[PDB]
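Visitor: Pasting a structure below so you can have a look.
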Amino acid sequence: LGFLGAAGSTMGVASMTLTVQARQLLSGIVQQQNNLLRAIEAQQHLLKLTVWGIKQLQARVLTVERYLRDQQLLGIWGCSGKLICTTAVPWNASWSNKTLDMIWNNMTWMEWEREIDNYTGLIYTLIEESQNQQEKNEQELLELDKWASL
Amino acid sequence: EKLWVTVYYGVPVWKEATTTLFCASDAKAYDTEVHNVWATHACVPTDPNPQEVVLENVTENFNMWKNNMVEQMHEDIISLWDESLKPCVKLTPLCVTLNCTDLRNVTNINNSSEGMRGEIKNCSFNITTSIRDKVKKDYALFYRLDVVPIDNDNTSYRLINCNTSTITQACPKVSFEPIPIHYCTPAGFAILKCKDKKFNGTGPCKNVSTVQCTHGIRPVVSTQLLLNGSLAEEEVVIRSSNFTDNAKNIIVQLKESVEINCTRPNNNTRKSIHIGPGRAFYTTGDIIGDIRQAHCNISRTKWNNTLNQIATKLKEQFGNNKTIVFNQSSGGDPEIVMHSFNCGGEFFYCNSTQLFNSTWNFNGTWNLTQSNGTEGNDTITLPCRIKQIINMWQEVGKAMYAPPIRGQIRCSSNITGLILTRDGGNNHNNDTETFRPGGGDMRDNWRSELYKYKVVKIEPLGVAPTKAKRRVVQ
Amino acid sequence: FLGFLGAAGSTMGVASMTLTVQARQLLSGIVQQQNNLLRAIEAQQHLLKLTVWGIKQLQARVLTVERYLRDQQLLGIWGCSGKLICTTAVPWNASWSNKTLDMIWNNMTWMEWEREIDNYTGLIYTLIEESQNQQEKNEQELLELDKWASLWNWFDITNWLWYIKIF
Amino acid sequence: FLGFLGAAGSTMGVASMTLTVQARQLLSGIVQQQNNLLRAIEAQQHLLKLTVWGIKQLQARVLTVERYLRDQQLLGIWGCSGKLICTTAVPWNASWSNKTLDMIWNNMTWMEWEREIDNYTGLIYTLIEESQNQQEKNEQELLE
Amino acid sequence: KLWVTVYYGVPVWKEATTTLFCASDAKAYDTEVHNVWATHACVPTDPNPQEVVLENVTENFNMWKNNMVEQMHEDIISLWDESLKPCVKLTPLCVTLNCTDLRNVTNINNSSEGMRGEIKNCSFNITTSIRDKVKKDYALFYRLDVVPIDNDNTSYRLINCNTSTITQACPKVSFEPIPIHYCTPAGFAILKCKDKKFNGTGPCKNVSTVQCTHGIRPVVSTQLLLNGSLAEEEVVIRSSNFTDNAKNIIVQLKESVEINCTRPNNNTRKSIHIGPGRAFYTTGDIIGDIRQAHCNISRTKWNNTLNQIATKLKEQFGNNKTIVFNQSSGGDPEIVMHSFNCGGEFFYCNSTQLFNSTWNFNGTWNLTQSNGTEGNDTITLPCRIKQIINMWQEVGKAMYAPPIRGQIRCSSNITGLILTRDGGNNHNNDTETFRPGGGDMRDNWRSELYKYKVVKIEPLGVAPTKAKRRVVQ
Amino acid sequence: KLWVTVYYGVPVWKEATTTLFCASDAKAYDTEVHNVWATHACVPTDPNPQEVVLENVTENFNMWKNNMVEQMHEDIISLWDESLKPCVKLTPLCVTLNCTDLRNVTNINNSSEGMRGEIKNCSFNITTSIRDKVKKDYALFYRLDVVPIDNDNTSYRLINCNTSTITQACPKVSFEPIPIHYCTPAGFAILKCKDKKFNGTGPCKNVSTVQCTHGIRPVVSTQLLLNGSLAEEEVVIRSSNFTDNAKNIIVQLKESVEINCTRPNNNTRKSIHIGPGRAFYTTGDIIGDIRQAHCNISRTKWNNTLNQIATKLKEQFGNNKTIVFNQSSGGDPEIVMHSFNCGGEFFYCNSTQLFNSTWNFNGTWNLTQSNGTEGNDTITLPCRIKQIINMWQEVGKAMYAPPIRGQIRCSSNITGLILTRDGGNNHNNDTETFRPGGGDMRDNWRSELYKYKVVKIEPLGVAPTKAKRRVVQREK
Ligand SMILES: *[C@@H]1O[C@H](CO)[C@@H](O[C@@H]2O[C@H](CO)[C@@H](O[C@@H]3O[C@H](CO[C@H]4O[C@H](CO[C@H]5O[C@H](CO)[C@@H](O)[C@H](O)[C@@H]5O)[C@@H](O)[C@H](O)[C@@H]4O)[C@@H](O)[C@H](O[C@H]4O[C@H](CO)[C@@H](O)[C@H](O)[C@@H]4O[C@H]4O[C@H](CO)[C@@H](O)[C@H](O)[C@@H]4O)[C@@H]3O)[C@H](O)[C@H]2NC(C)=O)[C@H](O)[C@H]1NC(C)=O
Ligand SMILES: *[C@@H]1O[C@H](CO)[C@@H](O[C@@H]2O[C@H](CO)[C@@H](O)[C@H](O)[C@H]2NC(C)=O)[C@H](O)[C@H]1NC(C)=O
Ligand SMILES: *[C@@H]1O[C@H](CO)[C@@H](O[C@@H]2O[C@H](CO)[C@@H](O)[C@H](O)[C@H]2NC(C)=O)[C@H](O)[C@H]1NC(C)=O
Ligand SMILES: *[C@@H]1O[C@H](CO)[C@@H](O)[C@H](O)[C@H]1NC(C)=O
């Protein structure tokens, strides 16, 4: 499988259904596809840099980077725990000037990002990452003096 | 009324992107261990069940002329071909004056000017093999197309492109048999399939699905007619970048398969002369039996109707009140002037005039016609001349010699598409539209199968405002 | 890798002593160490260039990476990317095995165990992540707001009280 | 505010609040972030048939991928995989430098402090490795 | 009591050696013409490079001990290797070359004015693709491309023949140096000494970082640095050991000196086919009078330029010094005569005038202007063409350059000088002599890479803190 | 109830096929001028390798189904391809060779010497870089590398010139085997069967595991095994199917038999430039008189060793059968004559003396000691020299060895033998006829990887436990 689909479904429908199940399946296929190729890599062992060989090699690297760079952001954003993570950054009117329903009932996830695109380059790139440092550094400052037991 | 960003991993959002696709062919070829195909040898296996999803409520824009896949596929098959003939003997030493005496069969009074007079020439030559101190006189039953008169002498001919290019003989063991190749996107990438029953090749495609792997796109390279390809659905579809422009080729996709029975009805014996240390040049020894002309059988009625269909679609595309002329290719490369393809490892330059000659008239009897007698329909036989020396389509410096396939050759290809070219030619008082069989540009052949595919990347990271807040600080 | 699995696979129990917790981290640690050694080499010789061996090491490096990635990815799917040994909420359908815990551990060795589960493997793994997701979404909505509780959490419960004195 | 290495001359404390800036560009690379090229090439096309540069770009990528992975593996061995700033139970042996926190975080910059702790790096890392082992023991008996 | 606190993302860097990749501008690929540097392979240059300034930071650079120099050295020579790898080998071409003094039998065009002997119209019987066919063919070789043989007045041969192969350069591949931007892989960085006058070694007052080098044109030139970067309001002189002799002296100029160079001869191309699919390109004939190649140089501009360098050299070797300029003593034409490439054509120019200048220590200060233009008294440099070019270091592996159709024109900017202080054994009380140098691709790379150094970034960091795990589950 | 618990790091492996990277000690890496089997690429081995003994572990090791032997073979073949790829080729030399003046004189040179004109001052009208000018040169060529042409008593050529391209090996490249440690990548492991003796297949009592294989020299030899490994306690015989006659019989000696081999001649190393930057390396003159190459075998030690394997051979086909060590049946010289490479020069040594003895167990004997240590203890092997090595797998791709200057001396360690049983009446005649064999490199690598089996380590595991994920068991 490995196909989220439901792209046409309203972002809210996608933010309510297939908001974790299909996404779990998507990642569950990424490792399978990999496992499958690995199973053959052992059988064929024709990893020789041929015309297709180099293609397979480039493809392998491309996928590795794709997964990591995504996980990297999540980890910095303190969202490595799971697919859906709530943050403490409030949404600036500049970013979007709509209502929760306007974005969930009258917007598709693709269309939604299309508008935020410009603002998104800062929403998570700077504000979200900065939020983590405050929390991280605070956690340390909090653990510096701690007594509360149960 | 307070919204806080909530990062969602797995959002169904994607972006148009170009990438390095990987081949995925049926493992049966690997098990057969033939590894003679110019590709598929290291190509990975194909997911037994193709994995596709119907993206309903999605109207992605599709453009054939802007499909990177086509450009990639082109370089791939080119590189695959170059790699296959990379470690094979070259005919650079065979570049000598060839005493092309008419073949004894050609002289034979039995075939009194019946046909094929000089088509197969018995050319003799002096060669220098591994022994650089001793020369050797050898004979090779070459073809007429491969040789070119040099001294205007009776039997003075030479291998075509002897100096213009480096003739490299493809290793005889290798097999030129296109087997379903499935181009697959690395993860995080997807191929979008224009599922529309009829698509203009450019513009928004409504009915739309996707695949992680292309369908078995056989890398069959054929000029004019498109054999063994994807059939059009219900309606013949004509696709062009600028229909108004004449320079651009016109890709016609047939809805029905015009099965073509091509054969080489000559029992042949392969001869091999050692030329260079451990390097053997393979040629023909003797033609066993009367020399007969290679031909292809096409049902006139079945094709006549085929043309009737393409003519109507062409009339709708242009002026329905216009005379349509299916003239023959007005000169050009031998590949373009005559339908060309490789059946059973031999390239058959077959005449396609009979197929593209009849000119339809508007305001006439378009009543589809049907056969009334077996002899009446018979078959459209094509005078075919086998050219072994094949130069690169878009490169002149590189030419590839073809090893003779000994024995009878025969194929059953299916005509699935046709390349055409509009040529207004200052039609007297317009009212006339001429069309000639187009060809060349390997990309044209690949476009007929990637017409629906569109590679896009995937971004499973999306931030959205949510009344919920991390609220982890407190 | 020096102490790579220093202790061999004994009864899953004896193997699951302090040995598993230590040997596993030690293996992961020394695996990281020898990998770091190879990079110290490449950072110096800088000769690895499409040679019979150069292609070998390059492909090997890629393999190790995707091999590690596949394992971690799985841990992620079923929300176990943190602790090496993570419990699940998936019950053992008797179909998977009738053996008692003692048979499973104080006798079965990880090597022969996976054999009698080879048919179940791909099934079980799918149940692990499936259950993880089922509760995950519910949990996401379960604690979605609860801002009221958070107030009492530092109003009454005083998550971070500053009243730290004696007597 | 500060650039990629903007807190290079800043004291350990000030730089501590800018850690993410560097962490964000550890894997993010020009060649990598390019994705689809405006060139006819597609993700380095076919490495241009292993060009002199084709292989270097290829090699460069693996090093970014393996290096980030090594880094992660380490924090993972130390447990705090996802976390950025962790808190070990390893007591700070004064042998590794006897300095007050004020000097360390309000005077010494990370670049300068690292030189002092350079010799005592592997020792410390293993001490964390075995501390997590002790932690795991405590957790196992707690679950029991 | 404190506890180790793992800090991920610490701003700490350490000197490292790693592979680098080129990022040429998109416009370079947009040319749609293959460049010997294969700029097409280079990744698209990021529109705006990010020059983060490292404030409160000082770093020790080693222009002479920078891996990147050695790396780029290998990269450039490998680039050329693969560029001419699949080109005609001109192997069979070498035979016996019977030659004439000029392509003009008499003063057909300008035999009197034309440099008699340079053309050396050599004719030869070469075999085409057809093995049984031999053809007499003629070609033009500058004296620098033919060696007299058999003592016969008319019998000659290719210069680097007998010795090594002389593969012709693939004609389509052009040789226009396109600025490349060596970029560090993620987790690595390049540090740029923003300090104005840097000796190439030692600490840096101002230091910045770039993930990508500034565009560097891979121009190879001798006794000069063409189209190079410019110093900052002060000519700078760098050498690992100034008190040594063999050490070549690098000089980066603060002011660019324009050098107009051209081949004033209209040429035609003749594709002599030598072997199947192998065509040797050669000059058919010069259309019009023959004029030797030259270069124009503003006496006054070069004057002031040397003046600035001379002073810097007295500052380097004791105030009181009569810095005297002299021409290369002897050796390979490469390092004896100033040579460079111009529009796909190598030029060996006799910069005799540029170094025919012995200066004392008094009255030399006055910076004379150009009151009397006199056509700028432009210095005209006698320039010739050596078609075959030997590998700078490798004895074997020579290469031929196919002729370009038509008059070639060039206008590079002088941006640097390579010098060799000769030991003051005697007669050198104050006559400090600096003969032109060169002969080493590395010396050119050091001049442009002095301000850069590559450091691995280690994001892992430890620190003591009163905080404790406090993890009791 | 029983909730499955995921355990990471479970000790589980699975027979797998993985790309292996060579790891050399990098001791001679500093000597870059020295080039041997791409040592420069081989990454320096771990300074302190550790072999974790697998206690209470038993594993099967099918040597004839090992993947390592296959990988070594492919890599070693490609290594030679890479070495000869940028080197010169003798396509022009394949000219009619007027071979005469076999020896300056047949006096002291051939008075009793068995040279009998093995070398020849062959002359030939070959061209050079000048192309136009053609010059005739003379070069001493071994009768082994030369083949007579026509009925002419002086027209000759190179054994493989007409049917195979000869590529001149680059002289700067050394040909001395180095300890190459085939190391497996992380996530994979090499099991090591430590049983004192092994049938070469079936379960293994003592089993261990190592991250890299022990140092294995890429030695290619025939009818013998040089600088190899030794068996444990006693000799071990190994075959896919011993009772089958075709299957080659692999033998591993428990004791090392020193073989002193040397070319006792001072050779001038002449060089002939043929083409631009293409110099053919040959021999100008043999300084002094010409002496044939020879190898020294301890007559007593070899008897004892042959008796040892003979006993094992009885233990394999019944004491009733007599052991008959006969000479090589016939075929290509590579196999007919024990042929190895000493000091970058390939030597062909007659092995009839080492394979000419009917042990006949019914004959009673114990061990043979050497009372006469001085003399009569050197089975001198008549060794001939060859420079044109035919490829072992393909007719083409022949290779020329540029002559070495001075005396070429070596002292390898015999460590086993490759044999061939001959099914026939001889066996019915109460006799096992074993003849030496070779020509299949796979056997050489099998003799060193015999105790190795690459397996992939899958840290992933599942296990029912009475513990549930309490992350779902949250509260207010
Ligand atoms: C491959 O496909 C082709 C295409 O279908 C098949 O061949 C087709 O066969 C058709 C007949 O079955 C034939 O149609 C006849 O065309 C003749 C000439 O066509 C032109 O002219 C007519 C009339 O226009 C006239 O008037 C205008 C002004 O209004 C003038 O400007 C013109 O100059 C003319 O003077 C047009 O209609 C056409 O479109 C063309 O412009 C006609 O003569 C013919 O009419 C009848 O007479 C024929 C004898 O003269 C007779 O053979 C034909 O059958 C017609 O018979 C009529 O009467 C009978 C009895 O009442 C009735 O049953 C018929 O139905 C009909 O009414 C036709 O119009 C196509 O021209 C022809 N096309 C080609 C390209 O050859 C071919 O068979 C097929 N092959 C296979 C193997 O399948
Ligand atoms: C979101 O913000 C935009 C920008 O202010 C609003 O669009 C403006 O609407 C007003 C009032 O009619 C106009 O005068 C402007 O010309 C609009 N500006 C732009 C940029 O479009 C929009 O109405 C807001 N949406 C809501 C419902 O809050
Ligand atoms: C090649 O053969 C043809 C046919 O025999 C020659 O053409 C003939 O030439 C003779 C003498 O000029 C004429 O009398 C005949 O009438 C010609 N016949 C034809 C059919 O043209 C030709 O001359 C020969 N030589 C060449 C040019 O190859
Ligand atoms: C060998 O054959 C003989 C036949 O006489 C038999 O007696 C003996 O047992 C067989 N095996 C041994 C152990 O020699």
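In the structure tokens, the first chain shown is A, the next is B, and so on; residue numbers restart at 1 for each chain, and ligands run from 1 in the order shown.
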Which residues are near ligand 3 - at most 10 Å, using only C-alpha atoms and all ligand atoms? Format: as JSON, numbers by chain.
Guide: {"B": [149, 150, 151, 152, 153, 154, 155, 156]}
Visitor: Atoms to include: C-alpha atoms. Write the selected residues as a PDB file, in the first residue's frame.
Guide:
```
ATOM      1  CA  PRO B 149      29.680   2.125 -53.923  1.00  0.00           C
ATOM      2  CA  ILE B 150      33.078   3.899 -53.531  1.00  0.00           C
ATOM      3  CA  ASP B 151      35.118   3.770 -56.804  1.00  0.00           C
ATOM      4  CA  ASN B 152      31.969   3.714 -59.005  1.00  0.00           C
ATOM      5  CA  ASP B 153      33.521   0.314 -59.945  1.00  0.00           C
ATOM      6  CA  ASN B 154      31.266  -2.731 -60.643  1.00  0.00           C
ATOM      7  CA  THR B 155      31.903  -4.503 -57.313  1.00  0.00           C
ATOM      8  CA  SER B 156      33.668  -1.678 -55.382  1.00  0.00           C
TER       9      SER B 156
END
```
Visitor: Please determine the contact residues of chain E with respect to chain A at a cut-off of 12 Å, counting only C-alpha atoms, and supply them as an mmCIF file with C-alpha atoms, in the first residue's frame.
Guide:
```cif
data_model
loop_
_atom_site.group_PDB
_atom_site.id
_atom_site.type_symbol
_atom_site.label_atom_id
_atom_site.label_comp_id
_atom_site.auth_asym_id
_atom_site.auth_seq_id
_atom_site.Cartn_x
_atom_site.Cartn_y
_atom_site.Cartn_z
ATOM 1 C CA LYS E 1 27.611 18.738 43.306
ATOM 2 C CA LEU E 2 27.190 18.798 39.524
ATOM 3 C CA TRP E 3 26.172 16.207 36.892
ATOM 4 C CA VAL E 4 27.311 15.853 33.246
ATOM 5 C CA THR E 5 24.671 17.510 30.994
ATOM 6 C CA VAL E 6 24.711 16.351 27.327
ATOM 7 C CA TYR E 7 24.307 19.541 25.219
ATOM 8 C CA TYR E 8 23.391 18.776 21.572
ATOM 9 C CA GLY E 9 24.082 21.634 19.120
ATOM 10 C CA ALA E 186 26.397 19.200 6.233
ATOM 11 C CA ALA E 463 28.884 20.367 30.715
ATOM 12 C CA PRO E 464 28.624 20.253 34.566
ATOM 13 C CA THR E 465 25.239 21.305 36.095
ATOM 14 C CA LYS E 466 23.570 21.084 39.567
ATOM 15 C CA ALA E 467 20.685 19.264 37.787
ATOM 16 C CA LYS E 468 20.435 15.444 38.279
ATOM 17 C CA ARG E 469 18.651 12.705 36.229
ATOM 18 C CA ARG E 470 15.976 12.365 38.970
ATOM 19 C CA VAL E 471 14.476 9.575 36.777
ATOM 20 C CA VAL E 472 12.640 7.181 39.174
ATOM 21 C CA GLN E 473 9.872 6.267 36.653
#
```
Visitor: Using only C-alpha atoms and a cut-off of 6 Å, which residues of chain A sit close to chain D? Please list them as a ChimeraX atom specification.
Guide: /A:55,75,80
Visitor: Contacts from chain C to chain A, 10 Å maximum, only C-alpha atoms: show me the residue list as a ChimeraX atom specification.
Guide: /C:50,52,55-56,59,62-63,65-67,69-74,76-82,125-126,129-130,132-134,136-137,140,144,158-165
Visitor: Step by step, measure atom-to-atom distances between ligand 1 and each residue using only C-alpha atoms and all ligand atoms, keep those at most 8 Å, then write them as a PyMOL selection string.
Guide: chain B and resi 300-302+304-305+308+358-371+376-377
Visitor: Create the file for the chosen residues now, containing N, CA and C atoms and written as a PDB file, in the first residue's frame.
Guide:
```pdb
ATOM      1  N   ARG B 300      -5.985  -5.385 -44.493  1.00  0.00           N
ATOM      2  CA  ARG B 300      -6.348  -4.072 -45.090  1.00  0.00           C
ATOM      3  C   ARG B 300      -7.571  -3.522 -44.355  1.00  0.00           C
ATOM      4  N   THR B 301      -8.679  -4.266 -44.378  1.00  0.00           N
ATOM      5  CA  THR B 301      -9.929  -3.814 -43.712  1.00  0.00           C
ATOM      6  C   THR B 301      -9.616  -3.329 -42.294  1.00  0.00           C
ATOM      7  N   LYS B 302      -8.972  -4.170 -41.481  1.00  0.00           N
ATOM      8  CA  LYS B 302      -8.717  -3.811 -40.062  1.00  0.00           C
ATOM      9  C   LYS B 302      -7.997  -2.461 -40.020  1.00  0.00           C
ATOM     10  N   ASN B 304      -7.763  -0.202 -42.652  1.00  0.00           N
ATOM     11  CA  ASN B 304      -8.579   0.836 -43.330  1.00  0.00           C
ATOM     12  C   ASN B 304      -9.430   1.521 -42.264  1.00  0.00           C
ATOM     13  N   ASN B 305     -10.127   0.724 -41.453  1.00  0.00           N
ATOM     14  CA  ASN B 305     -10.986   1.247 -40.360  1.00  0.00           C
ATOM     15  C   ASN B 305     -10.093   1.996 -39.368  1.00  0.00           C
ATOM     16  N   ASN B 308      -9.680   5.257 -40.756  1.00  0.00           N
ATOM     17  CA  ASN B 308     -10.979   5.973 -40.670  1.00  0.00           C
ATOM     18  C   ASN B 308     -11.085   6.617 -39.283  1.00  0.00           C
ATOM     19  N   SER B 358      -3.714   6.061 -48.896  1.00  0.00           N
ATOM     20  CA  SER B 358      -5.121   6.475 -49.133  1.00  0.00           C
ATOM     21  C   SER B 358      -5.406   7.810 -48.437  1.00  0.00           C
ATOM     22  N   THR B 359      -5.976   8.773 -49.168  1.00  0.00           N
ATOM     23  CA  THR B 359      -6.331  10.088 -48.574  1.00  0.00           C
ATOM     24  C   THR B 359      -7.849  10.161 -48.383  1.00  0.00           C
ATOM     25  N   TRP B 360      -8.303  10.347 -47.141  1.00  0.00           N
ATOM     26  CA  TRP B 360      -9.758  10.415 -46.854  1.00  0.00           C
ATOM     27  C   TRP B 360     -10.316  11.766 -47.308  1.00  0.00           C
ATOM     28  N   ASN B 361     -11.600  11.799 -47.677  1.00  0.00           N
ATOM     29  CA  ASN B 361     -12.244  13.071 -48.097  1.00  0.00           C
ATOM     30  C   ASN B 361     -13.372  13.405 -47.119  1.00  0.00           C
ATOM     31  N   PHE B 362     -13.478  14.675 -46.715  1.00  0.00           N
ATOM     32  CA  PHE B 362     -14.573  15.093 -45.802  1.00  0.00           C
ATOM     33  C   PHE B 362     -15.900  15.035 -46.561  1.00  0.00           C
ATOM     34  N   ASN B 363     -17.017  15.018 -45.829  1.00  0.00           N
ATOM     35  CA  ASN B 363     -18.357  14.952 -46.472  1.00  0.00           C
ATOM     36  C   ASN B 363     -18.403  13.721 -47.384  1.00  0.00           C
ATOM     37  N   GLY B 364     -18.128  12.536 -46.830  1.00  0.00           N
ATOM     38  CA  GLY B 364     -18.091  11.312 -47.653  1.00  0.00           C
ATOM     39  C   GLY B 364     -18.642  10.096 -46.934  1.00  0.00           C
ATOM     40  N   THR B 365     -18.396   8.904 -47.484  1.00  0.00           N
ATOM     41  CA  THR B 365     -18.879   7.647 -46.856  1.00  0.00           C
ATOM     42  C   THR B 365     -17.867   7.191 -45.802  1.00  0.00           C
ATOM     43  N   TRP B 366     -18.095   7.547 -44.535  1.00  0.00           N
ATOM     44  CA  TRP B 366     -17.190   7.086 -43.452  1.00  0.00           C
ATOM     45  C   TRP B 366     -17.717   5.767 -42.881  1.00  0.00           C
ATOM     46  N   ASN B 367     -18.839   5.273 -43.416  1.00  0.00           N
ATOM     47  CA  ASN B 367     -19.362   3.944 -43.005  1.00  0.00           C
ATOM     48  C   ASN B 367     -18.177   2.984 -42.848  1.00  0.00           C
ATOM     49  N   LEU B 368     -17.851   2.538 -41.626  1.00  0.00           N
ATOM     50  CA  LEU B 368     -16.760   1.535 -41.491  1.00  0.00           C
ATOM     51  C   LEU B 368     -16.995   0.402 -42.495  1.00  0.00           C
ATOM     52  N   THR B 369     -15.940  -0.019 -43.197  1.00  0.00           N
ATOM     53  CA  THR B 369     -16.070  -1.088 -44.223  1.00  0.00           C
ATOM     54  C   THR B 369     -15.604  -2.422 -43.629  1.00  0.00           C
ATOM     55  N   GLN B 370     -16.132  -3.542 -44.134  1.00  0.00           N
ATOM     56  CA  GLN B 370     -15.775  -4.872 -43.572  1.00  0.00           C
ATOM     57  C   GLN B 370     -15.373  -5.803 -44.722  1.00  0.00           C
ATOM     58  N   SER B 371     -14.539  -6.811 -44.441  1.00  0.00           N
ATOM     59  CA  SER B 371     -14.076  -7.743 -45.503  1.00  0.00           C
ATOM     60  C   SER B 371     -15.260  -8.536 -46.064  1.00  0.00           C
ATOM     61  N   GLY B 376      -9.913 -10.786 -50.949  1.00  0.00           N
ATOM     62  CA  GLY B 376     -10.157  -9.332 -50.994  1.00  0.00           C
ATOM     63  C   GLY B 376      -9.382  -8.617 -49.902  1.00  0.00           C
ATOM     64  N   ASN B 377      -9.502  -9.088 -48.658  1.00  0.00           N
ATOM     65  CA  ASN B 377      -8.749  -8.480 -47.530  1.00  0.00           C
ATOM     66  C   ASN B 377      -7.270  -8.848 -47.667  1.00  0.00           C
TER      67      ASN B 377
END
```
Visitor: Give me the residues within 7 Å of range 212-220 of chain E as a PyMOL selection string, counting only C-alpha atoms and dropping any in the same chain fewer than 3 places off.
Guide: chain E and resi 49+177-184+226+340+441
Visitor: Can you spit out the residues from that selection as a CSV table (one decimal), in the first residue's frame, using N, CA, C and O atoms?
Guide:
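part.csv, freshly written:
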```
chain,number,residue,atom,x,y,z
E,49,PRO,N,24.6,33.3,-0.8
E,49,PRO,CA,25.4,32.5,0.2
E,49,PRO,C,25.2,33.1,1.6
E,49,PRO,O,25.0,34.3,1.7
E,177,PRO,N,36.9,29.1,-18.0
E,177,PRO,CA,36.8,28.9,-16.6
E,177,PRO,C,35.5,29.5,-16.0
E,177,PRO,O,35.4,30.7,-16.0
E,178,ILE,N,34.6,28.7,-15.4
E,178,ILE,CA,33.4,29.2,-14.8
E,178,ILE,C,33.5,29.1,-13.3
E,178,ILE,O,34.0,28.1,-12.8
E,179,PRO,N,33.2,30.2,-12.5
E,179,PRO,CA,33.5,30.2,-11.1
E,179,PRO,C,32.8,29.1,-10.4
E,179,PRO,O,31.6,28.9,-10.6
E,180,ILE,N,33.5,28.3,-9.7
E,180,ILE,CA,32.9,27.1,-8.9
E,180,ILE,C,32.9,27.5,-7.5
E,180,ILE,O,33.6,28.3,-7.0
E,181,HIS,N,31.9,26.9,-6.7
E,181,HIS,CA,31.7,27.2,-5.3
E,181,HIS,C,31.8,26.0,-4.5
E,181,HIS,O,30.8,25.3,-4.1
E,182,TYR,N,33.1,25.6,-4.2
E,182,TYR,CA,33.3,24.4,-3.3
E,182,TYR,C,32.5,24.5,-2.1
E,182,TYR,O,32.6,25.5,-1.3
E,183,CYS,N,31.6,23.5,-1.8
E,183,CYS,CA,30.7,23.6,-0.7
E,183,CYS,C,31.0,22.5,0.3
E,183,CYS,O,31.3,21.4,-0.2
E,184,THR,N,30.9,22.8,1.6
E,184,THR,CA,31.2,21.7,2.6
E,184,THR,C,30.0,20.9,2.8
E,184,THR,O,28.9,21.4,2.8
E,226,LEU,N,45.4,35.3,-13.3
E,226,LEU,CA,44.4,36.1,-14.1
E,226,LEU,C,43.0,36.0,-13.6
E,226,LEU,O,42.6,34.8,-13.1
E,340,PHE,N,49.4,31.2,-20.6
E,340,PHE,CA,48.0,31.1,-20.1
E,340,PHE,C,47.2,30.6,-21.2
E,340,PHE,O,47.7,30.3,-22.3
E,441,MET,N,50.0,24.1,-10.0
E,441,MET,CA,48.6,24.4,-9.8
E,441,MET,C,48.3,24.8,-8.4
E,441,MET,O,47.5,25.7,-8.1
```
Visitor: Using only C-alpha atoms and all ligand atoms, what are the residues with an atom within 6 Å of ligand 4, set out as a ChimeraX atom specification?
Guide: /F:318-320
